[PDB]
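Step one of this worksheet: look at the structure below.
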Amino acid sequence: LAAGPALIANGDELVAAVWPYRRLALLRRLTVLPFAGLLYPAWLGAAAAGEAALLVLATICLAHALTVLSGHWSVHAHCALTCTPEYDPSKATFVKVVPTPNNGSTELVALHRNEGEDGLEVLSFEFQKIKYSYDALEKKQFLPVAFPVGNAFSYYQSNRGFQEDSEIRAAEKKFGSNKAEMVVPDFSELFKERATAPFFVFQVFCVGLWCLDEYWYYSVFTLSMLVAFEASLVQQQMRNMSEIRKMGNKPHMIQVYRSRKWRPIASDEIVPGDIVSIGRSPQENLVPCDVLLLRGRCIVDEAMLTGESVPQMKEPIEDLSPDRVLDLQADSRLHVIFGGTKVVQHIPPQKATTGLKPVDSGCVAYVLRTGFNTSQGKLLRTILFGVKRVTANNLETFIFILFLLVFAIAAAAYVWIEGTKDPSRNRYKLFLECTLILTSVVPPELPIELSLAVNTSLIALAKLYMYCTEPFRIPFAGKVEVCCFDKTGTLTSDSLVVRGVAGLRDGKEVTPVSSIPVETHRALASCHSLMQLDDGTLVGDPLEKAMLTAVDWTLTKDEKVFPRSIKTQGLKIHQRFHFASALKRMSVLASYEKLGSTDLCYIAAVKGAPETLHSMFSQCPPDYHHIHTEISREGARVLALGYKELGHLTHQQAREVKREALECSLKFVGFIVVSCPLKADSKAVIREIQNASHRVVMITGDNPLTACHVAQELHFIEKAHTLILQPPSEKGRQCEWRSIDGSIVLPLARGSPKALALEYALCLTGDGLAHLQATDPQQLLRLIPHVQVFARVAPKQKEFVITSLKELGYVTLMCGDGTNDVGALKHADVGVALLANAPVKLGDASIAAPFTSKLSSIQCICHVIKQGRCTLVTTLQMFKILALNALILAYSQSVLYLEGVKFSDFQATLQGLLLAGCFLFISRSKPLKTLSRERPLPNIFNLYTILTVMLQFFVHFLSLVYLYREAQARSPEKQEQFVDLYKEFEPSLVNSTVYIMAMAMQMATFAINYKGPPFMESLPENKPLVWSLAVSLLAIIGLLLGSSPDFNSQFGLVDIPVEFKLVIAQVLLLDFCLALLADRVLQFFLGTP
């Protein structure tokens, strides 16, 4: 009873406010009571009591249709129109959930009512597939389903598994099953969404109006064609949606400990609280859920979260203090494995320790979170519903229609006022004429035309092997200002190349692996964690894979390693002390036979962090720190190598005397230097983008030093010094800017970032981002536009950076290959996924991005910009031309009918066919190959576009007034103050002159506004358009000329007197010249920002 306003806990990330509403019964809905109860019964009663009534009914019917559809157009309008608020939750039926800003759209979700275990009524709802339950007893608040997170580490040691099924069903009712099912919306739902679009409703209303104009045969055909076309577009959308279903996650068998026994169960029946075995699967199966590693060790590639292509070691929680509270923020880096991550390698629990062992020898782990609540699940939620689908229904299009409608209202008011001055006119025809003027001034083709233009650009893109799922985002590619790039797999290859070993020769020179000492070959060949599978495939860490391949050694199943190329004796590995994060090092015991003796000589090979072996080396080069710092500044990963010959060990001592001394008196044996190379195309494409006057920004999850180096190599940073903001490690110092070299350290100041961002380049780390978000979000928002590199950025922080850039009114482009970009790709205005390793399964990024390249080359982006500018100019040019034609139409439609002249049906038909042809040839114009330094106009609202439309219309208007008066002065005087209404078209001199002039001026209007020498193919290159303009100019000259009366008669032209012919030709030429000069002068004066 009686939950107040705003029923959510402060600090929920998804939902800002929750108000319950109950749906009204059908008869009590405001869609029916005012409709079924009042207006129609009074009309029916007047009808039974015995044409004007039907018209008044139709306007009532139209108002009703718009009110019902407005509930479809807005969930807020739907709630107001169909539901009432109810403070008592027992009587409520639905809840309208408003998400936090940027976290989607407001939805109306049904409330689920469930009986609890106690027989108590548990109210719950599911919003965006997350269940929120109302806690009625303690807090009287809605809480998200609490996962067993932040618990003490006593609970996890005592869990064993569940020997029951009632509690399992209870857990299933509370948390739900791990459902990764992609629900494909039904065809009917997408088609219903489309049929309620404002434009389609307006077009169907226009079809209804032609049915109202007695076009019985014509209206049904046009309606069927319109519906079939929208259905075909829906079919294409369904095709795009079926691939998303094709992604999903395949059901697989996993080992689960249930009812005191280990059993294989399908991954969908796993519930939180189960203890599961997680291991390297032979099918390259992904981890199904977020799991805490209880026992056993694993190397996992967490490519999904850090974007770093490099596997991270995960350690069991068994070695830690049980009193520690689980912090998901701190412990997840070392102790949590996320769902969908790949287990590269696993180490089974030691046989000596008492406890649970799985049959498959996987690691035993406890499931923390399942389904859509995992980090992958969070990504997937953003994939399904995280941005409004871009429709043709742009605010620009609606304002443009409203502008033309103001002018059409003025024209219709003029026709109404003058037609009401003549009392003889039948009011039905005057209303019909006004309605036809209103419906034809606003042509039905504008959105179809725009979609055809977009589809032509789509066909042009398909030939470049770029697929586009959301075509209406292409014009935004013309507006892109900031291009954000990921590093890994996009600008660099995922393939790591070993450059060699440094510190072997005097100086900095990296000696190639072919020229390193025999001790270095032995150190690289023995100091590895690679293993041989039963099938002989080599499995394990890519860095290690590169190391073993570069040294040309082979590992056998017996953990023996033999050289292929070097005439050295093989090594047998006996014991590995794996890399411990606490020790920052790994060691291997290997033996070799001595040359000419059967005596086994044992050796210790050590690798680890340079800072740790520095203190572990017995003899260290003086330049060790210099060399290390300089190589780390080159963005390479550096490992130190240590070597020791142990001589003869007894077989018992070699296994036991190892534990007593793992590390001491190490010999320095060099630095292994590994680089990730740049892609060969990256520098040229990035130079083209910078040359096109676009700002380049880097946003990557990789380490800041390597990312900054690669960004420098790509000229993302042209400045001499790069400053990294470090957050305070301790509560209370301010954040510090540190040079890449460390030479310059500056405190942060509340001053203007322009001064720092003019002299230095700024790189913000993810830890620094989180610190600024907690401390000063406004300074962060002021800083973001001035940063050049974002490093160690999490996917949600990538989203936040993109959204922050969008809030400043920048049009953003994101390019990525990884799922790490999915949030940014969806939220970017133009997301382009590249497939990593170009030469079927689709990685989620190729589904998440609006655009997908089948090539791993970034040159596609240059193509997208080339295409986007073309499309952006085309639509804007079309809008201008269409506005001009509409005003020409608006003035031709009523003033001429007020003067009583009409086009001939044949004349009008030919004019229409030529007009339709010209728009078809204009919409197919191609972009130029080169990216201009000049930028196109971004928006329809510019001073230039308004003033050019106004001035061209005014010129054309003055021409029409002049020629109408000259025709009236030459037309015979009419002894009638009033024009009859539907006069059978008699070819008159006035009709012929105004028609020929209107056609010539309207064709000039086509010719004048196409502008493309920096942006589109030139006029002589669009040959179809050239033929259209040449045929129309030849037609205009032939029609004006009168060498044959019969030819004019098929066209219905009257022979024009030669004296008047000369005046017409001179004024039409002057009109063309003046309108051209006007447009060119206004472009010269007002273009560019």
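Within region 939-951, is even one residue outside any helix (DSSP H, G or I), surrounded by 15 or more Cβ atoms within 10 Å (Cβ to Cβ) and either in the same structural domain as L450 (by TED's automatic domain parsing) or out of contact with any helix residue (DSSP H, G or I) (no Cβ under 8 Å at 6 or more places or on another chain) (or both)?
Restricting attention to region 939-951, the residues satisfying the condition of being outside any helix (DSSP H, G or I) are 939-942.
If we keep only those that are surrounded by 15 or more Cβ atoms within 10 Å (Cβ to Cβ) as well, we get 940, 942.
Now drop any that are not either in the same structural domain as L450 (by TED's automatic domain parsing) or out of contact with any helix residue (DSSP H, G or I) (no Cβ under 8 Å at 6 or more places or on another chain) (or both), which leaves 940, 942.
Yes, some residue in region 939-951 is outside any helix (DSSP H, G or I), surrounded by 15 or more Cβ atoms within 10 Å (Cβ to Cβ) and either in the same structural domain as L450 (by TED's automatic domain parsing) or out of contact with any helix residue (DSSP H, G or I) (no Cβ under 8 Å at 6 or more places or on another chain) (or both).
Can you tell me which residue within region 954-980, out of those that are small (G, A, S) and assigned to a helix (DSSP H, G or I), is nearest to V1031 (Cα to Cα)?
Filtering region 954-980 for residues that are small (G, A, S) and assigned to a helix (DSSP H, G or I), the one nearest to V1031 (Cα to Cα) comes out as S959.
Go through (1) crowded, with 22+ Cβ neighbours inside 10 Å; (2) farther than 26 Å from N240 by Cα and name the single condition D494 misses.
Here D494 clears every test but (1).
Within region 151-159, is there a residue that is over 30 Å from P322 (Cβ atoms) and crowded, with 16+ Cβ neighbours inside 10 Å?
Looking through region 151-159, none of the residues is over 30 Å from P322 (Cβ atoms) and crowded, with 16+ Cβ neighbours inside 10 Å.
Take residues that are within 28 Å of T492 (Cα to Cα) and tell me which of the strands (runs of 3 or more DSSP E) falling wholly in region 271-347 contain 3 or more.
Hits in region 271-347: 297-301, 312-314, 342-347.
Tell me which residues, restricted to region 566-593, are over 24 Å from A661 (Cα atoms) and in contact with a strand residue (DSSP E or B) (Cβ under 9 Å, 6 or more places away or on another chain).
Pass one, region 566-593, residues over 24 Å from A661 (Cα atoms): 566-570.
Passing the criteria: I566, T568, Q569, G570.
Could you check how many residues of region 15-45 are crowded, with 17+ Cβ neighbours inside 10 Å and farther than 15 Å from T84 by Cα?
Going through region 15-45 one residue at a time, the tally reaches 2.
Within region 918-938, can you find the residues that are outside any loop (DSSP other than H, G, I, E, B) and over 26 Å from the mean Cα position of the chain (by Cα)?
Selection gives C918, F919, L920, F921, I922, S923.
Is it the case that region 126-139 has a residue that's among the polar types (S, T, N, Q), surrounded by 14 or more Cβ atoms within 10 Å (Cβ to Cβ) and on the phi > 0 side of the Ramachandran plot?
Yes, because at least one residue in region 126-139 is among the polar types (S, T, N, Q), surrounded by 14 or more Cβ atoms within 10 Å (Cβ to Cβ) and on the phi > 0 side of the Ramachandran plot.
Are any of the residues in region 456-476 out of contact with any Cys (no Cβ under 6 Å at 6 or more places or on another chain), part of a strand (DSSP E or B) and farther than 30 Å from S632 by Cβ?
yes
Among the numbered criteria (1) outside the structural domain of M1016 (by TED's automatic domain parsing); (2) assigned to a helix (DSSP H, G or I), which one does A908 miss?
So the condition that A908 fails would be (1).
Matching residues to (1) farther than 21 Å from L678 by Cβ; (2) assigned to a strand (DSSP E or B); (3) in the same structural domain as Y643 (by TED's automatic domain parsing):
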| position | (1), (2), (3) |
| --- | --- |
| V501 | yes, yes, yes |
| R505 | yes, no, yes |
| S514 | yes, no, yes |
| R522 | yes, no, yes |
| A546 | no, no, yes |
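So which residues in region 410-428 are out of contact with any helix residue (DSSP H, G or I) (no Cβ under 6 Å at 6 or more places or on another chain), among the β-branched types (V, I, T) and surrounded by 11 or more Cβ atoms within 10 Å (Cβ to Cβ)?
Once the filter is applied, which keeps residues that are out of contact with any helix residue (DSSP H, G or I) (no Cβ under 6 Å at 6 or more places or on another chain), among the β-branched types (V, I, T) and surrounded by 11 or more Cβ atoms within 10 Å (Cβ to Cβ), region 410-428 yields only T420.
Condition first: farther than 21 Å from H252 by Cα and either among the aromatic types (F, W, Y) or surrounded by fewer than 20 Cβ atoms within 10 Å (Cβ to Cβ) (or both). Now tell me which residues in region 336-365 satisfy that.
Passing the criteria: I347, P348, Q350, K351, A352, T353, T354, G355, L356.
Do any residues in region 939-961 that are within 13 Å of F400 (Cα to Cα) have Cβ atoms under 7 Å from those of residues that are assigned to a helix (DSSP H, G or I) and aromatic (F, W, Y), where the two are at least six apart or on different chains, and which pairs are they?
Pairs found: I940/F400; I940/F879.
When you check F372 against the structure, is it surrounded by 19 or more Cβ atoms within 10 Å (Cβ to Cβ) and of a type in the set (A, V, I, L, M, F, W, C), yes or no?
Working: surrounded by 19 or more Cβ atoms within 10 Å (Cβ to Cβ): yes; of a type in the set (A, V, I, L, M, F, W, C): yes.
Spelling it out, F372 is indeed surrounded by 19 or more Cβ atoms within 10 Å (Cβ to Cβ) and of a type in the set (A, V, I, L, M, F, W, C).
Where residues in region 722-751 are within 30 Å of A680 (Cα to Cα) and more than 33 Å from the chain's Cα centre (by Cα), which of them is surrounded by the most Cβ atoms within 10 Å (Cβ to Cβ)?
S739
What is reported rests on the model, the rules as stated and the sources as named; no laboratory read-out is quoted. Please note: Cβ atoms are built from the backbone with ideal geometry, for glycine as well, and neighbour counts cover all protein chains shown.
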